[PDB]
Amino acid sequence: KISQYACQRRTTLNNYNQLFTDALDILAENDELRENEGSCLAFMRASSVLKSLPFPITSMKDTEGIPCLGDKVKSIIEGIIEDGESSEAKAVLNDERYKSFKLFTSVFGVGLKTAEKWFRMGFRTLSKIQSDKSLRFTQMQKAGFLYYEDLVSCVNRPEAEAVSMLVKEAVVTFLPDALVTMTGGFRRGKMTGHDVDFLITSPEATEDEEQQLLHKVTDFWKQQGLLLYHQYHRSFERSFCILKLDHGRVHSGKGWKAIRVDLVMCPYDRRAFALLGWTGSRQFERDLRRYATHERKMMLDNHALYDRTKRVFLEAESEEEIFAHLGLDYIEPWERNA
């Protein structure tokens, strides 16, 4: 009955198995850092499936007929039932390598590789990293260290409501017909988020007006001294930012907060695919594509859906129509929290 695919599941933000999901989330993180990619996904899909249950697990008979729960996962579950916690997860949480990875990757511009690079140099604290004269920091790592306290506290719903107003005012100044949609975790009903994700598309605007808007907005914020960081990408068209949000703009110190803002600019003909692809979650995204490939012999990505059998690209003006192409029951954004 319950599917192994997050796209065939309704997952709201009401998790009755947080005890188990937290333990599986730690063990999947440990395997991601130890590069055991296979095992890492296995715990991520088991953690995901339990978030969809409309009740807490209180016995091993409750695990009956749930997919993705094999011999190992059932062991982690069983241990949490008897001793109230996972010995496995506890041993990981206390590991020197795991502790480093988490502290290091919390800095914006530091991933698994640099975290391991710094660990293989004997670094365990951020004070030691910053104190070092010999170390060479990238432009991103510099902003991550500069605005560390603000970026380590997640973005809340009123702060995201305010940032949405900044984007709206900026975008409409250079493209009045443009449509601005808040994507990511906030579209999915979340109250926290590491950043504020946006999707911008213009129906009337030209190609020239399209390949320049993100520059015109980021330069607009630059002039006002709001642009704390910017990294541009062209292909869709993406701009990763760190913005200065003044407390006065938030509808309820230093007077402002540094906030990560992800702005995607897509062509108006691909907005349904971009909206589905940037809403998330990451697990719903991969299970949608895994379903398309293995169950329907189709190819789904952020810009198009191709049917490999009918040898055609499928058109869609809404997310409703994409689920329909794939033979899936429509899952509203707030039921995509896999």
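In this text, residue numbers run from 1 along the sequence as written. Between two forms, the rigid core is defined as the largest C-alpha subset superposing within 1.5 Å.
- Comparing 119-127 with 141-149 in 9 other deposited structures of this protein, after superposition on the rigid core, the stretch with the greater RMS C-alpha deviation is 119-127.
- In terms of root mean square C-alpha deviation after superposing on the rigid core in 9 other deposited structures of this protein, the stretch standing farther out between 278-286 and 28-36 is 28-36.
- Unmodelled residues of the deposited sequence between neighbouring positions residue 252 and residue 253 number 4 to 9.
- Going from residue 235 to residue 236, the model skips 10 or more deposited residues, which lack coordinates.
- Here the stretch with the larger average CA B-factor, out of 32-40 and 267-275, is 32-40.
- Taking the PDB entry as given, 99-107 carries the higher mean Cα B factor of the two stretches 99-107 and 181-189.
- Comparing the C-alpha B-factors of 172, 243, 199, 80 in the entry, the top value falls on 172.
- Of all the options 205, 143, 73, 162, the entry's greatest CA B-factor is assigned to 205.
- In the deposited entry, the Cα temperature factor of residue 261 places it in the lowest third of its chain's modelled residues.
- The PDB entry assigns residue 147 a C-alpha temperature factor belonging to the middle third of its chain's modelled residues.
- Split the chain's modelled residues into thirds by C-alpha temperature factor. Residue 309 is in the highest one.
- Residue 89: CA B factor lies in the middle third for its chain, per the PDB record.
- In this PDB entry, residue 129 carries a Cα temperature factor that places it within the highest third of its chain's modelled residues.
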